[PDB]
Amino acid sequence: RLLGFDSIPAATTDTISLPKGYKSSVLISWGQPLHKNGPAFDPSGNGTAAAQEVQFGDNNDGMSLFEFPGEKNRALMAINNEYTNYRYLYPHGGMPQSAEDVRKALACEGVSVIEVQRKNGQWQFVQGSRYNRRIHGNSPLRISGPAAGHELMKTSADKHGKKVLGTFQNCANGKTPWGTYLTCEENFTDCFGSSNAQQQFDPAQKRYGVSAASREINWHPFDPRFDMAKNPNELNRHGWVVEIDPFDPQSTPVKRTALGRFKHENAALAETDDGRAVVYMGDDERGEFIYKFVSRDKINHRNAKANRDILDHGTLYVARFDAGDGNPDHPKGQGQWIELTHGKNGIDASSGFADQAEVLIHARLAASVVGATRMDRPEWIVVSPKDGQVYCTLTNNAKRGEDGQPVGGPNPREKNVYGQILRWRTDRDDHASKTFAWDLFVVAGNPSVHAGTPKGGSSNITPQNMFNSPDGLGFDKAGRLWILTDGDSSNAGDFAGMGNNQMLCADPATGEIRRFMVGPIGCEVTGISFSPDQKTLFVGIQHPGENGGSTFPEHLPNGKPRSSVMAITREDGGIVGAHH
């Protein structure tokens, strides 16, 4: 079968726990200088913003690996850097106190492109490679697609609406079949505030969750780009899928507005039967939606550069899921893709949309007009390389059951603290289909605390493999589904026996799930990529010690913990997750 290791116990230690015959090594950590003679990481927090702009970013998250043509022992990795931990970033351990502190936080976020080389079966970071690069919160980027140059995308600093500074709050990823990387801007709204505490926000601004105080980010008092009283349109220039060419270190990344604006988690690539690109996308917020972009033109697989702007033309859709059959263990039903186009489905001037650019900039509002199904926090989406079935984590939803978020179909429990994994099979196995058959692949729960109730989870959950808040997902070439968690690590109450965050492996055809790895204290397990030969599984350990309980990975006395990308291998050199 696919699962070749024995399910490991849950753990609470400040280490990486793995099955018998597996080992882990740190590939790279937050603060690693990328270039030759680069500034060494300073554990005191006294490193400058300029140094952070040339060092591996903080809180590593989604990532992809790219092969080098003609060289099996080289590869590039594009790794997102989502946010930063103020307690560790600054020597003062608190909120930004200056323009330089804000620059230092912006420098932490974005993407880190690195070269990795294999020696004796072990992949290692190559400092000084010409491909090494930081794309950060103050990097010069381009805006393309239907919303580029729109009045809502113009600011005093960018009067033409096509040049944007930075990509930040970079959550998860996509890998295209034309050799490019997609990075997703998720909680971008958290970074904005206002010098006018009594600022009255419009319906689109309110729907995206912006506030005058910011969500404890507080950049706006030092950089007016984040001050909504002065640059309100800056909020519209973030929350997009950004395309990066990892093979060109001087290339300008492009915000692809055709894919819509929302709190993007990841971007799952697929292809229609007639050859067009498909990108499935989750909007991570309680009660938000699942989207699908289909390109206008066909993918040219043999001429990579002919697809340069394939993501600028196409159609954006949003999902509706029916009530299903009401099965308490394995609910299933039908769903559909509803087009988000001006002049269709009630999206027009009468519902507040003047043109298609506004539909994309305010995709959430357009999706509500068409009756999209409010979901339990869609996070990562993956497409099976064996049968094309699509998997989406619905991490949790403490507000499910409140007015406007009814219990039903793929969101079967009120006050959902555990989450579930939603699956859909596109009709006729054609990703161009506008309908699909959905089912809950797993309903997470705790059968040691809530046996025989909905909070006990589905029958493929046991006390031995139980987890909460599935977030990251990744398929390997063999078809194993890797599940990464970002849940409650209290190991108490509703989460008794679940321990620290972890990674599990599932057989999609049978529903069997086995616990594979447990991460250190205060982290979340996020980011997944495989070496081409599948003998190294790269996984991210994000924000170890977020509440001050970790020294991972260096374990120096009263040391500073650092987010890291880990390389997981078998002692016998075999394929990760396969039989021995």
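The term rigid core refers to the maximal set of C-alpha atoms that superpose within 1.5 Å between the two forms. Numbers follow the displayed sequence, beginning with 1.
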Between 359 to 367 and 114 to 122, which one strays more from this form in 4 other deposited structures of this protein if you match the rigid core and compare Cα atoms?
114 to 122
Return whichever of 65 to 73 and 527 to 535 has the greater mean Cα B factor according to the PDB record.
65 to 73
Given 167 to 175 and 206 to 214, the range whose Cα B-factors average higher in the PDB entry
206 to 214
Which has the highest CA B-factor per the PDB entry: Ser368, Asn233, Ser195, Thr485?
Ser195
Kindly indicate the residue among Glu82, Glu414, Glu285, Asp101 with the greatest C-alpha B-factor in the PDB record.
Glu414
Ordered by C-alpha B-factor within the chain, which third holds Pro470? Give me lowest, middle or highest, please.
lowest
Just say lowest, middle or highest third for the CA B-factor of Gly549 relative to the other modelled residues in its chain.
highest
Would the CA B-factor of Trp424 place it in the lowest, middle or highest third of its chain?
middle
Which third of the chain does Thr569 land in by C-alpha B-factor: lowest, middle or highest?
middle
Chain-wide C-alpha B factor ranking for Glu115, given as lowest, middle or highest third
middle
